[PDB]
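# What the coordinates show
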There are 2 protein chains.
Amino acid sequence: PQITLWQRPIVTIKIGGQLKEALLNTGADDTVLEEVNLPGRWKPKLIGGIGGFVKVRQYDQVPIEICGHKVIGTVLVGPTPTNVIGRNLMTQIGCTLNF
Amino acid sequence: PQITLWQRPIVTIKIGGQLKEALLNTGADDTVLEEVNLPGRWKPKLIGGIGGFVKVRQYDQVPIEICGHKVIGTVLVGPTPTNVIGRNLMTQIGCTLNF
Ligand SMILES: C#CCNC(=O)[C@@H](Cc1ccccc1)NC(=O)C[C@H](O)[C@H](Cc1ccccc1)NC(=O)[C@@H](NC(=O)c1ccccn1)C(C)C
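Per the deposited record, determination of this structure is attributed to X-ray crystallography, with the resolution reported as 1.65 Å.

### So, the sheet that holds strand 9 (residues 96–98) of chain A
As a general point, the strands of a sheet are linked pairwise by backbone hydrogen bonds and lie either parallel or antiparallel. One open sheet accounts for 4 strands, arranged 1(A)-9(B)-9(A)-1(B); its pairing is antiparallel. Each having just a single partner strand, strand 1 (2–3) of chain A together with strand 1 (2–3) of chain B make up the two edges of the open sheet. Where strand 9 of chain A lies against strand 1 of chain B, 2 bridges are found, and the strand directions are antiparallel. Paired with A:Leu97 across the bridge in strand 1 of chain B is B:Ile3.

### Considering the pattern of salt bridges
Using the criterion set out here, one finds 6 salt bridges over all chains in the structure. B:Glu65 is the partner of B:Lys14 in a salt bridge, and the nearest nitrogen-oxygen pair spans 3.9 Å. Highlighted residues: B:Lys14 in strand 2 (residues 10–15) and B:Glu65 in strand 6 (residues 53–66), separated in sequence by 51 residues. Residue B:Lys14 is classed as partly exposed on the basis of its relative accessible area of 40%. Taken together, the shared-partner salt bridges in this structure form one network comprising A:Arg8, B:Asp29 and B:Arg87.

### With respect to the packing of aromatic side chains
Evaluated as defined, the whole model comprises 0 aromatic pairs over all chains. A cation over a ring is seen here: A:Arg57 above A:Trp42, with NZ or CZ 5.8 Å from the ring centre.

### Section: the interface of chain B and chain A
With 31 residues of chain B at the contact, the number on the chain A side is 31 residues. Between chain B and chain A, roughly 3000 Å² of surface is buried when both sides are summed, and carbon and sulfur atoms account for 60% of that area. Summed over the three residues of chain B that lose the most area to chain A, namely B:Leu5, B:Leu97 and B:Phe99, the buried surface amounts to 30% of that side. Taken together, the connections running from chain B to chain A amount to 2 salt bridges. A:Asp29 is the salt-bridge partner of B:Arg8, the closest N and O atoms lying 2.7 Å from each other. The tally of links from chain B across to chain A stands at 19 residue pairs in polar contact. Broken down by secondary-structure element, the contributors of at least two residues to the side of chain B that touches chain A are strand 1, strand 3 (18–24), helix 1 (87–93) and strand 9 (96–98) of chain B. Per-element tally for the side of chain B that touches chain A: the top contributor is helix 1 of chain B, with 5 residues.

Parameters at a glance
- Residues numbered from 1 in each chain as written, not as in the entry; some residues may be left out.
- Chains lettered and ligands numbered in written order.
- Heavy atoms only, no water.
- Pairing = 2+ DSSP bridges.
- Helix = DSSP H or I, 4+ residues; strand = E, 2+ residues; numbered from the N terminus.
- Salt bridge = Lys/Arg side-chain N within 4 Å of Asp/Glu carboxyl O.
- Buried < 20%, exposed > 50% of the residue type's maximum accessible area, 1.4 Å probe, protein only.
- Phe/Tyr/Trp six-rings, centres within 6.5 Å; stacked < 30°, edge-to-face > 60°.
- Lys NZ or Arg CZ within 6 Å of the ring centre and 35° of its normal.
- Contact = heavy atoms within 4.5 Å.
- Buried area = accessible area lost by both parts, 1.4 Å probe.
- Polar contact = N/O pair within 3.5 Å; in protein donor to acceptor, adjacent residues only side chain to side chain.

Here it is in structure tokens:
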């Protein structure tokens, strides 16, 4: 799709057998989702850095469907005010900024 | 331009007679720049909302050139870790997300 930016670019995703919504965020390096039970291995990771850090669980090579595009990438699971698809997964789906 | 997202989408801008760099951030509603002297009227605005708010100066209808595209939009001037071009100015330059 071509998504204009008059509203927040919120898309539907499928992850961990769940349907969720997330924001396509070119300002975010990483993808951070709340409340997903993913199977397989993880390691803790500190993100943010303003006011302290936030600890999340880093799962590598997670299958995720974004707006119908099935890809694989690192998903950080932990507290976040909004589910965010970061550049790491936008590259996988071939998403570009165009003007 | 078509901008892939393997690196941070940092672009050159011209604002208030100065060259600056800023991040194209589809996760940001508003454009927030640090250290620009803009002429004409402003009003204070509270932004963020996590840990407290940050106060910035809101300047409406500011001429700004972004990656060579001359547009007009609201620019918030105040503290920010990164100069950010938000959706408000990405709409003006006709920037879309495409995949
Ligand atoms: C007004 C305003 C700017 N941002 C906001 O209010 C936040 C709130 C939010 C947090 C998580 C998910 C969705 C939304 N929204 C964003 O989309 C974040 C923004 O796209 C990006 C993503 C990011 C996060 C951490 C470090 C570096 C970059 N930017 C930022 O968050 C900004 N800097 C930060 O230091 C920061 C750190 C931790 C939380 C919030 N902010 C700077 C770039 C100015």
